[PDB]
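**Student:** Okay, here's the structure, questions in a sec.
Just so you know, all these numbers are worked out from the coordinates, no wet-lab data involved. Methodologically, a virtual Cβ is constructed for each residue, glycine included, from the backbone with ideal geometry; neighbour enumeration extends over all protein chains shown.
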Amino acid sequence: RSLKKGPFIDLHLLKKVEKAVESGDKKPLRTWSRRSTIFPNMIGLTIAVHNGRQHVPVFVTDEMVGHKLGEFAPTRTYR
Amino acid sequence: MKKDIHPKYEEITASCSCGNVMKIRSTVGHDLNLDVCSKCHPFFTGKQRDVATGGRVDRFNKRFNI
Amino acid sequence: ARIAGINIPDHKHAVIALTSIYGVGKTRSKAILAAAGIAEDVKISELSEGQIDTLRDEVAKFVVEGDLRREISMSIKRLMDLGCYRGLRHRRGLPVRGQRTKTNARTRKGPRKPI
Amino acid sequence: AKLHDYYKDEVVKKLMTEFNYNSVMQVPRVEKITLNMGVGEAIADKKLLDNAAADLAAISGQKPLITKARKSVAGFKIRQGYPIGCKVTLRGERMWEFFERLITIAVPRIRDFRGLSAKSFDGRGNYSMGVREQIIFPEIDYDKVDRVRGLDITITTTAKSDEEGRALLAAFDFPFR
RNA sequence: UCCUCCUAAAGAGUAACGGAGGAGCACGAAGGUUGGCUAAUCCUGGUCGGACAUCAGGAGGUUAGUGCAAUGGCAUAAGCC
RNA sequence: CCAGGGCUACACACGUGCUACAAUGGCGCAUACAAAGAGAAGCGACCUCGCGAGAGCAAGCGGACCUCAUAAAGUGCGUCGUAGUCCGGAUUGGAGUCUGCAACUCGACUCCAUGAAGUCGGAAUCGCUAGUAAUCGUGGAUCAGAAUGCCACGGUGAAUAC
RNA sequence: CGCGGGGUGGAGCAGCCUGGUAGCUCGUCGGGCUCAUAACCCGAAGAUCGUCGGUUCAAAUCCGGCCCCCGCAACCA
Ligand SMILES: [Mg+2]
Ligand SMILES: [Mg+2]
Ligand SMILES: [Mg+2]
Ligand SMILES: [Mg+2]
Ligand SMILES: [Mg+2]
Ligand SMILES: [Mg+2]
Ligand SMILES: [Mg+2]
Ligand SMILES: [Mg+2]
Ligand SMILES: [Mg+2]
Ligand SMILES: [Mg+2]
Ligand SMILES: [Mg+2]
Ligand SMILES: [Mg+2]
Ligand SMILES: [Mg+2]
Ligand SMILES: [Mg+2]
Ligand SMILES: [Mg+2]
Ligand SMILES: [Mg+2]
Ligand SMILES: [Mg+2]
Ligand SMILES: [Mg+2]
Ligand SMILES: [Mg+2]
Ligand SMILES: [Mg+2]
Ligand SMILES: [Mg+2]
Ligand SMILES: [Mg+2]
Ligand SMILES: [Mg+2]
Ligand SMILES: [Mg+2]
Ligand SMILES: [Mg+2]
Ligand SMILES: [Mg+2]
Ligand SMILES: [Mg+2]
Ligand SMILES: [Mg+2]
Ligand SMILES: [Mg+2]
Ligand SMILES: [Mg+2]
Ligand SMILES: [Mg+2]
Ligand SMILES: [Mg+2]
Ligand SMILES: [Mg+2]
Ligand SMILES: [Mg+2]
Ligand SMILES: [Mg+2]
Ligand SMILES: [Mg+2]
Ligand SMILES: [Mg+2]
Ligand SMILES: [Mg+2]
Ligand SMILES: [Mg+2]
Ligand SMILES: [Mg+2]
Ligand SMILES: [Mg+2]
Ligand SMILES: [Mg+2]
Ligand SMILES: [Mg+2]
Ligand SMILES: [Mg+2]
Ligand SMILES: [Mg+2]
Ligand SMILES: [Mg+2]
Ligand SMILES: [Mg+2]
Ligand SMILES: [Mg+2]
Ligand SMILES: [Mg+2]
Ligand SMILES: [Mg+2]
Ligand SMILES: [Mg+2]
Ligand SMILES: [Mg+2]
Ligand SMILES: [Mg+2]
Ligand SMILES: [Mg+2]
Ligand SMILES: [Mg+2]
Ligand SMILES: [Mg+2]
Ligand SMILES: [Mg+2]
Ligand SMILES: [Mg+2]
Ligand SMILES: [Mg+2]
Ligand SMILES: [Mg+2]
Ligand SMILES: [Mg+2]
Ligand SMILES: [Mg+2]
Ligand SMILES: [Mg+2]
Ligand SMILES: [Mg+2]
Ligand SMILES: [Mg+2]
Ligand SMILES: [Mg+2]
C-alpha cells in the first residue's frame, strides 16, 4: 500500500473527530471521506461512511486502524 | 509374551542434536538420531511467543511517530 | 534430512532441499546456507550430521511451518471478522487484489459450474 | 522401565499430598495402553490390513490383533466377521517402555504441534490421543510406507473422575493445553 | 400333505371357504466332547473418522442370540469361542 | 457547480491476446553483436544510500555530441536428468516504493513467503509463398501514474509451393 | 366386487417376480458448422423408481395395505 509521509485523513474529518472525541460520544458522523485512514483516537465512534446512495454506520474497533473507511462500506450490492 | 510371533524388541541409544543422550528399547535397529525431545521443544516459550502476536494501534504509531 | 517440521528430501541439492520447507523458498535458502557456511552445490546425502544441526538453529530464526500457517490463518480470519471489503471478498470466494471478476478469476472462484 | 520406578517413588508421593489419600492403593495407576488402528480401507485391498499390522507391530513391541466387524452395516458395506481394523492392548513392562517412547520422543515429533487436549477425558480418568501420521514414531522407515495412515493411543487408568485422572498424567510431565 | 400360534371353554382332544405366519431344507463342522467366555443399546474421550467401522472406560442388564415361521425353552448356558 | 459511488459488478458464454505445459529447456557465473526513436514544470549521468521498486546530491542535452540505454536471443562454462519437476508462476498473506491533494472500492511496480490449473488440447479452425513465417529484445504515440493493446524498430532465421 | 398384470429422467421403452454401482432411443441444455434456421458433428445435465409401510446388514427389484391404470370374468336358470 501507498503513502509513507504520514497516514492521510481529510482536514474536515480530523477536526470533526477531534471535536467529537473531546466533547464525548454522541451520534453517527455523516462523512463522505472514504479515502481517509482511521486513527487510534477514532476508536469508539460510530461514524457513518457514504457507500454511494446512503450512509453505513461503522463502530470503530481496535483492529480498524491502518485500514481506510471505504473498506467498511460495500458499494456494489449483490444477491 | 508368545516367543517367535513378535518382532525383535532390542535396546537402543537415542541421541538428539541438543545433547540429551537417552537409552530406550524399541524395534528400530542399531542407533538413533532425533530433532527434538520432551526437553528442548518450544512449548513453554512457544505459547509465550504465539499468544503475544497481536497489536494494531502501536503498529500505526510506529509508522507515524507523532 | 529431518530439519524444522518435515524436510526429508534425498538426491537433491541443499538449496533446492530447503524449498520443500513451508516458509523457506529460493533466496531464503541461500541466506540459510550462507549463514551456515555450507556450499549450495552439495546434497543432503553428501552432507554429515555435524552440518545438519547448524541448519536447524538457522531455520529456527525465521517463522516456518505451523508457526507461519497460523500467522496466515490469523490474518485471513481477522479480515473476515472486521467485515471489511477484503473480508467479504475472502469468505465469498472471489479474487482480492482488485482483479477482473467477469471472464476469468477461475483460480479463486474454482472450476466451471452449470447455469 | 524407568518411568515405572519414577512413578513408584516420585509420582505417588506427589499425588498423596494433593487429595489427602488415606492409602497408597488409592492413587490412580495406569492399567494399560490400547493402540488402535481402524484401517477400514481393507474392504477394497486385503493386503492394506497386513501393511497396517506390520506398522503397529513396528510401533509397539508386540504384534497386533486383527479385529473383526461386530455387526453388518450398509453405510460402509461390511459384514459379520470381516477384518476391518487392527489393535494392540499392551500393558505391564513394555507398556511403561512404550509410554516413555510416546511422551518423550514421539509426541514432540507431531506436525503442527502446540498443546494436547486437556478436555479429552471420558469422565472416568481414561485418556486418549489421536496421532495423524505413522512417521512421528522413529520405528518406521521413510521410504517404506506409502499411505497417510495413523493410529490412536488410549491410556486406561484406575481413576474415577477426569479431575482425579488428569493429575496422574500431569505428574509424568505430560503436555496439556 | 407337513410345522407354529389363537379360536379351544386353566389335563388331552375339538370344526368352519374362521384369524396370522412358515416347511418340501441346511451342516464333515453348524456333530461329539473337553476348557473357556457374555450380550443389546447408549454415554463420554479419542487420527483420518462423520450418526454408525476399529479402541478405552462407564451405563444397562438378555431389550440379545438361537442356520429358517411361530411357539415353548436355555447363564449349569441349548448362546458365542 | 460539488462530495463521494459507478464505468473495474459476476451462477455463466464467446472473442482477441499473453504466459505456460519444459531438456532445441530451467536457474547461476565469463562475457561478445543492432536499429529506430525519444527529452526542457524535460530526459536525468557518475557518485553515494539502498536486498530491490527507488532515495538523495546533482553532470550534461531543445541533442550526429548529453541522457532513458547493459539490447535479448546468441555463445562459453557450470548444475538439475523427466519430476506436476530447480517446469509453470497462479493465488494468497505480510513488508514496501514512486507518482500523486488523495492508491479501500480501483493503480503500477518491488521484496518475502506462498506454489493453483496445466504433461500439447473434442467437434471444429486460423495466419503465412522469404529476410516472409517462427522466436528474442527495443522504442514511440495517449500519458502525473497506469499495456499482455496499438503503432514502429531491428537480431537468428527456416520448411514448402509436384 | 373376483383372478392375472402394471406404475422408472420431460416422452416411449429396458433394468423389476433370481434384493448390493439404473441403460437405450428421442427431447432439454453448452459449443461447433451455416449469411441464418433445420439437418448434421461434439460434450453435458437430467430419474432415489405410484405412495404408506414392513422383511434385510442393504429394497426400483422381496412381502402388505392404500391410491390410480389396463385386460379377462361377472355364468344356469
Ligand atoms: Mg440485494
Ligand atoms: Mg520467488
Ligand atoms: Mg528475488
Ligand atoms: Mg496482478
Ligand atoms: Mg474488479
Ligand atoms: Mg389332514
Ligand atoms: Mg391364550
Ligand atoms: Mg387350548
Ligand atoms: Mg386344552
Ligand atoms: Mg377344559
Ligand atoms: Mg384321539
Ligand atoms: Mg367335530
Ligand atoms: Mg379347523
Ligand atoms: Mg404355503
Ligand atoms: Mg475333520
Ligand atoms: Mg465349532
Ligand atoms: Mg460342536
Ligand atoms: Mg487337556
Ligand atoms: Mg462347555
Ligand atoms: Mg429375544
Ligand atoms: Mg422366543
Ligand atoms: Mg463356532
Ligand atoms: Mg469498459
Ligand atoms: Mg485493472
Ligand atoms: Mg442461481
Ligand atoms: Mg472456454
Ligand atoms: Mg522457475
Ligand atoms: Mg520461461
Ligand atoms: Mg532525437
Ligand atoms: Mg550512462
Ligand atoms: Mg554503478
Ligand atoms: Mg533483491
Ligand atoms: Mg519520497
Ligand atoms: Mg535522482
Ligand atoms: Mg550542445
Ligand atoms: Mg561530451
Ligand atoms: Mg526507455
Ligand atoms: Mg554507457
Ligand atoms: Mg542500468
Ligand atoms: Mg555503463
Ligand atoms: Mg541464456
Ligand atoms: Mg505438488
Ligand atoms: Mg494436474
Ligand atoms: Mg509470484
Ligand atoms: Mg512447485
Ligand atoms: Mg512432464
Ligand atoms: Mg498445438
Ligand atoms: Mg510447442
Ligand atoms: Mg479448417
Ligand atoms: Mg486457414
Ligand atoms: Mg502473396
Ligand atoms: Mg521467453
Ligand atoms: Mg521482456
Ligand atoms: Mg514494446
Ligand atoms: Mg515516452
Ligand atoms: Mg509490449
Ligand atoms: Mg507483446
Ligand atoms: Mg415415463
Ligand atoms: Mg443397478
Ligand atoms: Mg438426444
Ligand atoms: Mg451422465
Ligand atoms: Mg431431482
Ligand atoms: Mg439376508
Ligand atoms: Mg433374505
Ligand atoms: Mg437398488
Ligand atoms: Mg441385479
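**Student:** Failed condition for C:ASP41, given (1) closer than 30 Å to C:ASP10 by Cα; (2) of a type outside the set (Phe, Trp, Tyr); (3) out of contact with any helix residue (DSSP H, G or I) (no Cβ under 9 Å at 6 or more places or on another chain), with all others met?
**Tutor:** Failing condition for C:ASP41: (3).
**Student:** Can you name the number of the only condition in (1) touching a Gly at 6+ places or on another chain (Cβ under 9 Å); (2) part of a loop (DSSP other than H, G, I, E, B) that A:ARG53 fails?
**Tutor:** The one condition A:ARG53 does not meet is (1).
**Student:** A further question follows. Residues of region A:15-48 being within 14 Å of chain B (Cβ to nearest Cβ), buried (at least 16 other Cβ atoms within 10 Å of the Cβ) and not in a loop (DSSP other than H, G, I, E, B), which ones?
**Tutor:** Across region A:15-48, the qualifying residues are A:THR37, A:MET42.
**Student:** State all residues of region D:24-49 that are under 20 Å from D:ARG124 (Cα atoms) and either in contact with a helix residue (DSSP H, G or I) (Cβ under 6 Å, 6 or more places away or on another chain) or not β-branched (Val, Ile, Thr) (or both); if no residue qualifies, say none. Before you say what the answer is, go through the steps one by one.
**Tutor:** Step one: list which residues in region D:24-49 are under 20 Å from D:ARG124 (Cα atoms), which gives D:24-36.
Residues satisfying the conditions are D:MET25, D:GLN26, D:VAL27, D:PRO28, D:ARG29, D:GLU31, D:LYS32, D:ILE33, D:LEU35, D:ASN36.
**Student:** Could you list all residues from region A:56-79 that are in a loop (DSSP other than H, G, I, E, B), within 9 Å of chain C (Cβ to nearest Cβ) and away from ligand 5 (no atom under 16 Å from the Cβ)?
**Tutor:** A:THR61, A:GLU63, A:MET64, A:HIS67, A:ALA73
**Student:** Follow-up. Go through region C:41-69 residue by residue and tally those that are more than 20 Å from the chain's Cα centre (by Cα), surrounded by 15 or more Cβ atoms within 10 Å (Cβ to Cβ) and assigned to a loop (DSSP other than H, G, I, E, B).
**Tutor:** Residues that pass the stated criteria total 3.
**Student:** Residues in region D:138-150: is at least one within 14 Å of the chain's Cα centre (by Cα) and surrounded by 19 or more Cβ atoms within 10 Å (Cβ to Cβ)? Break it down into steps so the answer makes sense when it comes.
**Tutor:** First pass over region D:138-150, keeping only residues within 14 Å of the chain's Cα centre (by Cα): D:150.
Restricting the remaining residues to those that are surrounded by 19 or more Cβ atoms within 10 Å (Cβ to Cβ) gives none.
There is no residue in region D:138-150 that is within 14 Å of the chain's Cα centre (by Cα) and surrounded by 19 or more Cβ atoms within 10 Å (Cβ to Cβ).
**Student:** Is it the case that D:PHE172 is surrounded by 15 or more Cβ atoms within 10 Å (Cβ to Cβ), touching a strand residue (DSSP E or B) at 6+ places or on another chain (Cβ under 7 Å), among the aromatic types (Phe, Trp, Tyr) and closer than 26 Å to D:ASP9 by Cα?
**Tutor:** Details: surrounded by 15 or more Cβ atoms within 10 Å (Cβ to Cβ): yes; touching a strand residue (DSSP E or B) at 6+ places or on another chain (Cβ under 7 Å): no; among the aromatic types (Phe, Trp, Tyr): yes; closer than 26 Å to D:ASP9 by Cα: yes.
Here the answer is no, as D:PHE172 does not meet what is asked.
**Student:** Checking D:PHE76 against (1) touching a helix residue (DSSP H, G or I) at 6+ places or on another chain (Cβ under 9 Å); (2) farther than 28 Å from B:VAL21 by Cβ; (3) surrounded by 15 or more Cβ atoms within 10 Å (Cβ to Cβ); (4) free of Cβ contacts under 8 Å to residues at least 40 places away in the same chain, only one condition comes out false. Which one?
**Tutor:** (3) is the only condition that D:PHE76 fails.
**Student:** Scan region D:24-44 and tell me whether some residue there is within 14 Å of chain B (Cβ to nearest Cβ) and closer than 30 Å to D:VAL148 by Cα.
**Tutor:** Yes, region D:24-44 contains at least one residue that is within 14 Å of chain B (Cβ to nearest Cβ) and closer than 30 Å to D:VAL148 by Cα.
**Student:** Within region C:2-39, count every residue that is on the phi > 0 side of the Ramachandran plot and out of contact with any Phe, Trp or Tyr (no Cβ under 8 Å at 6 or more places or on another chain).
**Tutor:** Adding up the residues that qualify gives 4.
**Student:** While we're here: I'm told B:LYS23 meets every condition in (1) away from chain C (no Cβ under 13 Å); (2) outside any strand (DSSP E or B) except one. Can you identify the failing condition by its number?
**Tutor:** (2)
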